[PDB]
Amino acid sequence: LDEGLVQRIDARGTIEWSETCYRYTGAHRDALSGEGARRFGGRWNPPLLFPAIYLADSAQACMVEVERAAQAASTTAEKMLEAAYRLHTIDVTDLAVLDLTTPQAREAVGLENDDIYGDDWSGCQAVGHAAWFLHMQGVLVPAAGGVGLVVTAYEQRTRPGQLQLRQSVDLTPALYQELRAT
């Protein structure tokens, strides 16, 4: 846990962020669970230390992530969504997040394009770890289709109503093609 990195991230501080966000899960999973990211790790969190929820700032951006997961599973979104998934609409209110949506902000914490697109997660994971360590509520990140939000240790760190499930619908192939569109 790098002293310089923690120092630099603290200096950036947080912004309070509100947006209607989107997440997809298996149809049986809780819309606000983050244990999956904890068990395996994600681009913006090391495994085993804290739950993390990944959200997108639009249904379209979320569908891009569906496609990317399908690709990693060696198939297409349409075929993957033959298994039961659901699309969750989750309102986020006044979440105190580290804003890494600009290249300048990313450069300030030592991240560059290879870090956000490439196979090596170590940089983004260290940054997510430090943000969680400083009790930030999450990290605003670039997402292939727009803005991504990584919510770290939701249950502990957030006040009543900061995350609110607004809607859940079956994410069928049809819904995907509709939402994916330009």
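We number the residues from 1 along the sequence you see.
Inset, instruction - Would you determine, from the values in the PDB entry, which of 127-135 and 149-157 has the greater average C-alpha temperature factor? - result: Taking the mean C-alpha B-factor of 149-157 and of 127-135, the larger value falls to 149-157.
Inset, instruction - Decide which of the stretches 15-23 and 158-166 has the higher mean C-alpha B-factor, going by the entry. - result: Going by the record's values, the stretch with the higher mean is 158-166.
Inset, instruction - Can you pull the Cα B-factors for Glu65, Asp57, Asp30, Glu35 from the entry and say which is highest? - result: The record points to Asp30.
Legend entry - Deposited CA B-factor, highest of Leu111, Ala77, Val97, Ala73: Spelled out: the listed residue with the top C-alpha B-factor is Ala77.
Inset, instruction - Sort the modelled residues of this chain by their C-alpha B factor and say whether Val92 lands in the lowest, middle or highest third. - result: It belongs to the lowest third of the chain when residues are ordered by C-alpha B-factor.
Legend entry - Ranked against its chain, the third holding the CA B-factor of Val6: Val6: CA B-factor falls in the lowest third of its chain.
Inset, instruction - Place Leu48 in the lowest, middle or highest third of its chain's C-alpha B-factors, as listed in the PDB entry. - result: Its C-alpha B-factor belongs to the middle third of this chain's values.
Legend entry - Lowest, middle or highest third - CA B-factor, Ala61: Within its chain, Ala61 is a middle-third residue by C-alpha B-factor, going by the deposited values.
Legend entry - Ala69 - Cα temperature factor, lowest/middle/highest third of chain: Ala69: CA B-factor falls in the middle third of its chain.
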